[PDB]
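Novice: One line per chain: the protein sequences are A and B, in this order.
Count the first sequence with full-length UniProt numbering and you get residues 135 to 185, in order.
Count the second sequence with full-length UniProt numbering and you get residues 115 to 299, in order.
Let me give you the structure first, and then I'll get to my questions.
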Amino acid sequence: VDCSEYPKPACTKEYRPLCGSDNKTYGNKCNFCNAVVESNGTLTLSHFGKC
Amino acid sequence: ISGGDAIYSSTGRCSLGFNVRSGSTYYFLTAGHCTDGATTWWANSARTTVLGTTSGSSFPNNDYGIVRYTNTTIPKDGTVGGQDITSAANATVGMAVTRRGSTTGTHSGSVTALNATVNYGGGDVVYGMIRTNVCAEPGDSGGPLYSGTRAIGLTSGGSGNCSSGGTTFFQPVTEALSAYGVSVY
C-alpha cells in the first residue's frame, strides 16, 4: 500500500481491512492512507487484514 | 436478508442496498464500487451461503450495481432491517433521512445538498450525488438511505466517521431503478 496520492477528501466505504502500527484496524486503504497523512507520516502498516 | 445487511464478494464486504425485482426476477442493488470486478456474492464471511451473481455495475460516474439472486430459498424481504419500503422518491434539500449499513447499523440525518460531485481520485469521479450529514464507515457501502417507507439512495462514500461525525454521499436510487427496469416491493 502506497499513500503518496493522499490525502483524499472522500473515501468509498467498502470493507477490506488493514492493521495500522497504532493497533487500529483501518476499514480500507483510503481510510488508512488518510490517517497516515493526518499523522504527518508517523503511522505505518503493520499487516494486511484486521489487527 | 434485507436492506443494510452484510454482503461479501471475493474482495471484501459491503451492504445490501434494497431488494428489487422485475417480473419474477429478483435482484438486489448495492454500490457500483462494490460490484466492480465482483462476480459472486455470499451472505456470510465463510462464503457458504450464496446470494447471486453480478448482473450490472456502474462506477465510476455513477455508483450503483445490481446482483441477480441465484439462491432460491433465502428470504428476500422488501425492507431495511424491520422497516418496510413501499416506494422510491427523490431526495430534497432538508429531507430527514436514515441510513443502515453492516458496520455501523442505523444512523440518521438530513440531505444538505443535491447533484454533488465526489472525487475519489485516480479518475474515479462520481456525479449527481446526494450530500448529507449522516456518518458512514467501511462496510457500509451500498447500504440504503431511506426516509420513512421511501427508498432514497445507496451509500457511496464521504469523509469522517460515526464517532466524530461526517459527510456521506449517496447515489440516487431512482436512477438505478430506471437503468435496470426494476422496482422496490
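All C-beta atoms in this analysis are idealised placements derived from N, C-alpha and C, irrespective of residue type, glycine included.
If you count every other CB in all the chains shown that lies within 10 Å of the CB of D156 of chain A, and 16 or more means buried, which is it?
Specialist: The residue is exposed, with fewer than 16 neighbouring Cβ atoms inside 10 Å.
Novice: Return helix, strand or coil for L291 of chain B, following the three-state DSSP convention.
Specialist: Of the three classes helix, strand and coil, the one that applies to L291 of chain B here is helix, per DSSP.
Novice: Which residues in chain B sit within 7 Å of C167 of chain A, going by Cβ to Cβ distance?
Specialist: Within chain B, no residue comes near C167 of chain A; the closest Cβ sits about 10 Å away, beyond 7 Å.
Novice: From what residue to what residue does the beta strand (DSSP E) around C137 of chain A run?
Specialist: No beta strand (DSSP E) holds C137 of chain A; DSSP gives it neither H nor E.
Novice: Give me the residue from B:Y183, B:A157, B:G237 and B:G262 with the minimum Cα distance to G223 of chain B.
Specialist: Selected option, being the one with the closest Cα: B:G262.
Novice: Going by DSSP in three states, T163 of chain B sits in which element: helix, strand or coil?
Specialist: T163 of chain B falls in the coil class under three-state DSSP.
Novice: Rounded to whole angstroms, what's the CA-CA distance from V134 of chain B to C276 of chain B? Just pull it up for me.
Specialist: Going from the Cα of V134 of chain B to the Cα of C276 of chain B covers about 28 Å.
Novice: Between which two residues does the beta strand (DSSP E) containing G196 of chain B stretch?
Specialist: Per DSSP, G196 of chain B belongs to no beta strand (DSSP E) and is neither H nor E.
Novice: Any residues in the stretch 251-267 of chain B with a beta carbon nearer than 9 Å to a beta carbon of chain A? Which ones, in chain order?
Specialist: Going along the stretch 251-267 of chain B in chain order, one finds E251, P252, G253, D254, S255, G256 and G257 with a Cβ nearer than 9 Å to chain A.
Novice: Let me check one thing: in DSSP terms, what residues is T246 of chain B bridge-paired to?
Specialist: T246 of chain B is bridged to B:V225 and B:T282.
Novice: Which residues of chain B have a Cβ atom closer than 8 Å to the Cβ of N162 of chain A, listed in chain order?
Specialist: Correct list: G126 and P252.
Novice: Which first and last residues belong to the beta strand (DSSP E) in which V134 of chain B is found?
Specialist: Here the beta strand (DSSP E) through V134 of chain B covers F132 to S136.
Novice: Report yes if the C-beta distance between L179 of chain A and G161 of chain A is below 8 Å; otherwise report no.
Specialist: No, Cβ-Cβ distance for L179 of chain A and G161 of chain A is not below 8 Å.
Novice: CB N165 of chain A to CB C145 of chain A, shorter than 8 Å?
Specialist: For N165 of chain A and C145 of chain A, yes; Cβs fall inside 8 Å.
Novice: Are the C-beta atoms of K147 of chain A and some chain B residue less than 8 Å apart?
Specialist: True, the Cβ-Cβ gap to chain B drops below 8 Å.
Novice: Under 8 Å Cβ-Cβ, which residues of chain A neighbour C148 of chain B?
Specialist: By Cβ distance, chain A contributes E148.
Novice: Cβ atoms of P286 of chain B and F132 of chain B: under 8 Å apart, would you say?
Specialist: Not closer than 8 Å, so no.
Novice: Counting pairs of beta carbons, one from the stretch 167-179 of chain B and one from the stretch 192-208 of chain B, are three or more of them closer than 8 Å?
Specialist: No contact exists between the stretch 167-179 of chain B and the stretch 192-208 of chain B.
Novice: Strictly below 9 Å CB to CB, what residues from chain A border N233 of chain B?
Specialist: Simply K142, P143 and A144.
Novice: Can you tell me the Cα-Cα spacing of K142 of chain A and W155 of chain B, whole angstroms?
Specialist: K142 of chain A and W155 of chain B: Cα-Cα distance of roughly 29 Å.
Novice: Helix, strand or coil for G237 of chain B? Go by DSSP, reduced to three states.
Specialist: Reduced to three states, the DSSP call for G237 of chain B is coil.
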